[PDB]
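Visitor: Would you mind keeping the following structure in view while I ask a few things?
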Amino acid sequence: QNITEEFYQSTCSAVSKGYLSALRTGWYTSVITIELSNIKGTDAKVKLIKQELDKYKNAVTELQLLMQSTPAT
Amino acid sequence: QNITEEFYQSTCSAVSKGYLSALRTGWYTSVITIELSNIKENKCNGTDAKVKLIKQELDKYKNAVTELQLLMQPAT
Amino acid sequence: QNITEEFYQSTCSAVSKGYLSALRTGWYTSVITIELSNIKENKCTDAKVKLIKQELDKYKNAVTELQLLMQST
Amino acid sequence: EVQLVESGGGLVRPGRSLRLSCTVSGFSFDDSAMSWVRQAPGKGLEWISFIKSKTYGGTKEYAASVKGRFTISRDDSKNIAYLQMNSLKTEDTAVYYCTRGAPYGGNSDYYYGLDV
Amino acid sequence: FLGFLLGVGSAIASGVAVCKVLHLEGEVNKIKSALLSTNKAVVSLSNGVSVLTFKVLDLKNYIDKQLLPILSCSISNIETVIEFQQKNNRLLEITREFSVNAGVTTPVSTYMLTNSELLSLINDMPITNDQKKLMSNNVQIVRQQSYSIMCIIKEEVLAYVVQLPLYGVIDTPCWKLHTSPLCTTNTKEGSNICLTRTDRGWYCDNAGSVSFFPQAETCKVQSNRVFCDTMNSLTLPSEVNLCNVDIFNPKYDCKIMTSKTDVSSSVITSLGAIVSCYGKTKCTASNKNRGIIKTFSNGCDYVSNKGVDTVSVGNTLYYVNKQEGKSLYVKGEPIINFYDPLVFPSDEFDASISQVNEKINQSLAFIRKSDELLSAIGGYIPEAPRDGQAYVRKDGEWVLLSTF
Amino acid sequence: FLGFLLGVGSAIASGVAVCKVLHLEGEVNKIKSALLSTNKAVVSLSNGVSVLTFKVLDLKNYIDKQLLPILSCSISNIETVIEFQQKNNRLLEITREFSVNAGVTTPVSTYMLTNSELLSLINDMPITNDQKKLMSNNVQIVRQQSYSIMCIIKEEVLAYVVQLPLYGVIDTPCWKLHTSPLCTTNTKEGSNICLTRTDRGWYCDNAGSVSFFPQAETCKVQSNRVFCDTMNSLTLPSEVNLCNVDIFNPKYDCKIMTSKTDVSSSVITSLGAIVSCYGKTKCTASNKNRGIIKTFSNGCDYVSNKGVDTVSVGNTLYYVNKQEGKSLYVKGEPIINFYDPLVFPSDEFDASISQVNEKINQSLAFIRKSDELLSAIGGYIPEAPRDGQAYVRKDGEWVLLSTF
Amino acid sequence: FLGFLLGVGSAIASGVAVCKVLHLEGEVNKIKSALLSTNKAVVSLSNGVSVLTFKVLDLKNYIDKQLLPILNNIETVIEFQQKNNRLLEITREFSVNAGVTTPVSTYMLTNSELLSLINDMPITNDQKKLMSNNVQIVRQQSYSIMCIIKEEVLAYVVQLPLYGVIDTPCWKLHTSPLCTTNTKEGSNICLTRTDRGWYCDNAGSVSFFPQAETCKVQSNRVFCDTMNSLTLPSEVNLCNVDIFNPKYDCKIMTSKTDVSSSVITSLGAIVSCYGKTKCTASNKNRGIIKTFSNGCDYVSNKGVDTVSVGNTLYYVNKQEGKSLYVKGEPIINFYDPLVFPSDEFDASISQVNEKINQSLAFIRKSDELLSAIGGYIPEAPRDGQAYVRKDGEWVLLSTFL
Ligand SMILES: *[C@@H]1O[C@H](CO)[C@@H](O)[C@H](O)[C@H]1NC(C)=O
């Protein structure tokens, strides 16, 4: 709201006044947690639940490999 | 297809002729719509399995429309 | 490991020594395949058939889009 | 800041001459174009005259009702715009307003409305 | 433009610091014991720094309680299968995003932190209500200015750090400067000289000085609010603003860029368009209903968006921003006419007004003093003939002593 | 290289303008009423602009009709749950893409617009049949050049603008110019001087002139078709092409860049490779079956892809493109040999051929004026000491007036 | 900084080469027959090049076997979705990225499949270990080119990286502007080293990467890319210990823009505090522990957590290591500000010294000829009469007598 703009022909330039600042000055760190489960006869449904548990265990294994290399820049 | 290329040793440069143009000169705008439904609340008190699943899917729908309303509430 | 760093005041610069190389020097190509099935059309109005039919529609539309994409390298 | 003050009105006998003068203060007078619009007592608005900026030739455009009788002019040295009314009729009894024509951009010979 | 003048910083350094703290023994158990009751808490680490903690997913209390007793086995209902899929999909998608971005993702996706969780975290952050309001109304910007660093997965718990932004400067006046080449308009080729203001970008008042952002592409703008990052800034004195009203002010040396490349271009501003039309290029400004409403003459001119929809330079068509606001045209002689093209430095990038004027002072010395030594070539005399008697200088020769 | 010579534009300005038109009262009801029968229609807004309109998903007629009556409540079919999930997943993913990218996404994803719907919009767009053909065969590129601006979600409808590209110039001849440093090949270290053409990028014929794209990385290529964007282009005269056949032509002053950094490099071209091998660097060209087939001499040379597979410069290994076509090698004296290193300006960015010649003519002016004038002049005549007596010149000496 | 000195290369040029080979007739059948038994195989194509081959999803043996007879329970629906979803997502990723995606997503190649490809790769065990422990980085350095969909298989080539140089010493150079500290505004001159970026020993020379943003770091290991590198002599390292060495002409960049900034290094922070800017270095418990004076200074991360320059707050990296401060006079003080070339980008030490000798040459030579070129007599007035020499002027000879 209530924005202006000026053009200076002498310098071939333009200034757009009327904005409000929202500068990011610093950071704040937050820790997010996801609690996992320590998991070590074929009916109709068990095959799907078994491969879904396989998805879960492979996800936690891949994350175990990923945290292996602590981030650094 | 029938593409050529030349190398100029005098200036150390190369020109690849034989291509066809496809320049974007202007824009065209179209409005895409998604019709939504005014659902007040899942006015059901049951706790069986299928209602347990369908209620949380409706909750996903309602939280999605709330986030879209917050986003609408542009330029880059 | 055992990382060091030096700052040279004369040139206003700093060198971070103690790292190991892992340069990408060349390439290696491998072919991944996904075998598809030649199904012409969903030849078949209950509840479960509707889902399996539109899932087959997803499959056929995916291979059609990949056919359009293949039309260029 | 932006102001247009017209002066020189009053009583005048039918057939003589009277010069209206609009003093501009608040913006660049040379870069903008001026217009004269009158309103007869009880009647609606009637567009009368228009003079373009110095950059666009100083071109005077009049209406059919006053063409040949009225003459618009401008003095950019003192930020003022005149409307010389010669051979006045009784129908010319009206309230005369001085307006500024707004170009379709910052500066253009196509105008979209009367700003001030 | 002046992005090379910026410093070099580490973005995730803070989150990675907290990460290395989370590797310590017992540090994870403090969090697991703190969130054993509630889902959100505030925890002070070993080094004393207090950080927010959140438990967004509990697959432990699902696999170990709702799924474990069934696992000879047999599943009785199918609803539990889809329920497990819905519970596990989030972990799967988080794993994908991490496995692609090497453990650090930005912006923060909804899988990593949903809007409900993000708004809760903003509500409990140790900042003002104004800051909570700002971060809550612009969660899309908070997501784009945040990182997600994956930390550790120890003792049956998964942990990753969400590095959130702190807006320490709010509601101070800002302005965006746009620039374009200002060249002469001669007819001969390559005879033109060009000059361009280089100080273009965002400026915001901050702590008695000005924060300058040369790469305005990195500053995100929503409504009249400008979310910039001080990491990509320069701390300049307030007198920089003088360059807009008086480029020849003595209190600040305004930065320019000189050349001889007179090409036509246009810079779309917030409320209009700047057009630099040089050479035989045709530049126009048009309205969607009537059509062309201005054909630009050779030079740098301006056109407000009030009634103009497009601006075309050469083969390029620009759509101007249709934002509502007042545009003011400030007359003035193009400063390039104040210069002599014979001593104009045409190779200047990191330049300034005074730096170019001093490079002109030297050339004026080089030509008016040293080159005028050519005047002393024919203006001096050769040796008279080494003969018997003496010679006098008459006309342009040595003509002896008959005249005697 | 010359990307700084480009202008600044607003990409979504048109889509944002249409978006702000949709915020007005009643406009949404006009759209809602037009699509009550069919799923796509053409709607003219209040400002007269006609736009295509599409309803891609109807959750209203699913939740209220097929889902509402079941909600005592109990679900009978389990297939209906999965049916609702399949219907709702698209809205969820659209929400994710918008909430991450701050409401503006590019390229346009398949969730935002499927292939059938995109081809529908292209088929119903009011442009030529050739444009329909071009956009229909290259939907991946059209997606890469399109935007998706989320507009409003008012009165039981969701709305976002899909900003599609218009290719007004098609099938005109284009060519890509590749450049590489051209340095001398002296044995001493710092004695070398370098020169490089900056005109690198894409060129296309357009409306009696040439559209030049200096950042060729932004131009996408499919087959022999080049999808560029005029937004980052320059309108040059046709005479720019002369720079390829005659760098010293008078009708166009070709842009170059001088330096002294003689480092070895390689530029993989469309049908070959340019190799600038300077110093002790070892540069070779090899075939996958036979092995090394050429060891480059010091200088800038070329190798066609006809029978060559890799080119190595120092420790860098490049794979050349194996596209089918003819490569032509045009011999010529390297122009860097035409320059004298004592008057060669080495600090030059954003230069031209005549711009180098002007500084060389100037340096020779000071040299031909200084050494040719000081030597021819050096043997002049001093004067006799000012002692109130007039001296005459005899035998190379000043003798007083000795007459009586 | 020096990224413009790099060459231009075609990245997927190798993979596309294999890609067009698969377009030939029968070439796809060799692969389909090789993978008819197992899921992974080695195939030597027509051009003799041997490539690994992998079948990750078989919808043929599902749709034609488990799904077709019903079309000639509800679980069979979900089973199909789980099998089909990958084909959809692979399609989506392609349809956006125009057939070439990077990094290689998990849909394109899961971790199990990628580790399998690394295990059967024809390279050393050390490379297998390196690629297996850093699969996320390998994905970021790999491409996925979609090739063909021929009767009746879908095919895309995954272009994997080969690390021919491993375990050689590397080091990262950080630079920042080095200016004088006068009180007047426009009176200062500035100088900055431009050779900043990564360096690694390679084949008796040094591979230099000016765009360190492209080099990825995990622990003390640095995965760089030779395609955007420079092969420099071993003597380049001398520029760090002896900038004025004659055996290598170190590259610098001159200016007059004395602005304050900071460069966060691996184990510390460089602060160039010029002008009236206030620059500090602070600790999370103690607070401000150093107020920088005008100039370029350094502060290690040993006990420092933040560094603030003006309105900018930087967090320094809290990595463990020894940081050493090497004293020395700032070389910018070795130059005279009256003859200093201030517009220099692609510059070096010898180029600046030669422009100073040249600028100085013209002044001493112009004074050596002009001072004094007026020690000689000029031309007498060129009228009718004759003129003799008296004092400094040409006196009319007719005055005698
Ligand atoms: C520069 O020019 C000004 C006026 O042209 C003159 O007064 C001055 O002596 C010159 N030299 C310096 C070093 O300022």
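Visitor: If you wrap a convex hull around the C-alpha atoms of the range E:312-404 and split its volume per residue, what is the figure in Å³?
Guide: Values: hull volume 24.4 nm³, N = 93.
Spread over its residues, the Cα hull of the range E:312-404 gives 262 Å³ apiece.
Visitor: Given the -39500 (n - 2.57) contribution per DSSP H run of 4+ residues, what per-residue ellipticity at 222 nm results for chain B, rounded to the nearest 500 deg cm²/dmol?
Guide: Details: 1 runs with 24 residues, N = 76.
After summing the helix terms and dividing by residue count, I get -11000 deg cm²/dmol.
Visitor: Using a Cα distance threshold of under 21 Å, what count of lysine pairs results for the range F:262-332 when pairs must be 8 or more residues apart or interchain?
Guide: Step by step, the pairs that qualify in the range F:262-332 add up to 12.
Visitor: I've got another one for you. Show the residues, 5+ positions off or on another chain, whose built amide H is closer than 5 Å to the amide H of F:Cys183.
Guide: So F:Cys183 has HN proximity to F:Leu195, F:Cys300.
Visitor: Let me know the whole percent of all Cα-Cα pairs from the protein assembly as shown that are separated by more than 53 Å.
Guide: In whole percent, the share of Cα-Cα pairs in the protein assembly as shown beyond 53 Å is 39.
Visitor: What does the charge count near B:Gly18 come to, summing +1 for each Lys or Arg and -1 for each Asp or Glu among other residues with Cβ under 11 Å from its Cβ?
Guide: +1
Visitor: Under the classification rounded if a/c is under 1.5, otherwise prolate if a/b is larger than b/c and oblate if not, where does the range G:1-72 fall, given a ≥ b ≥ c as square roots of the Cα gyration tensor eigenvalues?
Guide: prolate
Visitor: Classify the range E:262-332 from the C-alpha gyration tensor, please: rounded if a/c falls under 1.5, else prolate or oblate depending on whether a/b exceeds b/c.
Guide: Cα axes put the range E:262-332 in the oblate bin.
Visitor: On the principal axes of its Cα set, how long, how wide and how thick is the range G:223-304? Give whole Å, largest value first.
Guide: Answer, in whole Å and largest first: 46, 34, 23 Å.
Visitor: Which net charge results for the neighbourhood of F:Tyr391, defined as the other residues with beta-carbon distances under 13 angstrom from its beta-carbon, given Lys and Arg at +1 and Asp and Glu at -1?
Guide: Counting the neighbours of F:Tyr391, the net charge comes to 0.
Visitor: What are the trypsin sites (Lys or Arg not before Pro) within the range D:11-116 that DSSP puts in a loop, where the Cβ has at most 15 other Cβ atoms within 10 Å?
Guide: D:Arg16, D:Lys43, D:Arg69, D:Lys78, D:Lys89
Visitor: Indicate the gyration tensor shape class of chain F (rounded, prolate or oblate), computed on the Cα atoms with a ≥ b ≥ c the square roots of the eigenvalues: a/c under 1.5 is rounded; otherwise a/b larger than b/c is prolate and the rest oblate.
Guide: Since a/c reaches 1.5 and a/b is larger than b/c, the shape of chain F is classed as prolate.
Visitor: Straight distance only, please: which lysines reach the Cα of E:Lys30 with their own Cα at less than 16 Å, same-chain residues fewer than 8 apart left out?
Guide: E:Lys20, E:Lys40, E:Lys55, E:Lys154
Visitor: Quick check on my link table: of B:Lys43/F:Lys60; E:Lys60/F:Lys87; E:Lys132/G:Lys284; A:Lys47/E:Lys87; E:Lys65/E:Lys87, which ones sit more than 20 Å apart, alpha carbon to alpha carbon?
Guide: E:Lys60/F:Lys87; E:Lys132/G:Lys284
Visitor: Counting other beta carbons within 10 Å of each residue's own, what order do F:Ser327, E:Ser238, F:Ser354 fall into, fewest first?
Guide: Details: F:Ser327 21, E:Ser238 13, F:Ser354 16.
Listed from fewest to most nearby Cβ atoms, that is E:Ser238, F:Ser354, F:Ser327.
Visitor: Within chain E, which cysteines find no other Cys whose Cβ is under 4.7 angstrom from their own?
Guide: Lone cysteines by the Cβ rule: E:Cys73.
Visitor: Please list, short to long, the whole-number percent of alpha-carbon pairs of chain D in consecutive 10 angstrom bins beginning at zero.
Guide: Result returned by the calculation: 14, 48, 31, 7, 0.
Visitor: Within the range E:291-385, list the trypsin sites (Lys or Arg not before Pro) lying in a DSSP loop whose Cβ has at most 12 other Cβ atoms in a 10 Å radius.
Guide: Sparse-neighbourhood loop trypsin sites (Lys or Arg not before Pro): E:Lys331.
Visitor: On to the next question. Per residue, what volume in Å³ does the convex hull of the Cα atoms of chain A enclose?
Guide: Expressed per residue, the convex hull around the Cα atoms of chain A is 299 Å³.
Visitor: What average number of partner chain Cβ atoms lie no more than 10 Å from the Cβ of the residues making up G:206-212?
Guide: 2
Visitor: Which GluC sites (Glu not before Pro) from the range E:282-360 combine a DSSP loop assignment with at most 14 other Cβ atoms within 10 Å?
Guide: Loop-located and lightly packed - E:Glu324.
Visitor: If neighbour count is taken as other Cβ atoms inside 10 Å, put E:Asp301, G:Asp297 in order from fewest to most.
Guide: G:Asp297, E:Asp301
Read the figures in this text as sums done on the coordinates, not as results from a lab. Every residue, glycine among them, receives a Cβ derived from its backbone with ideal geometry; neighbour counts consider all protein chains shown.
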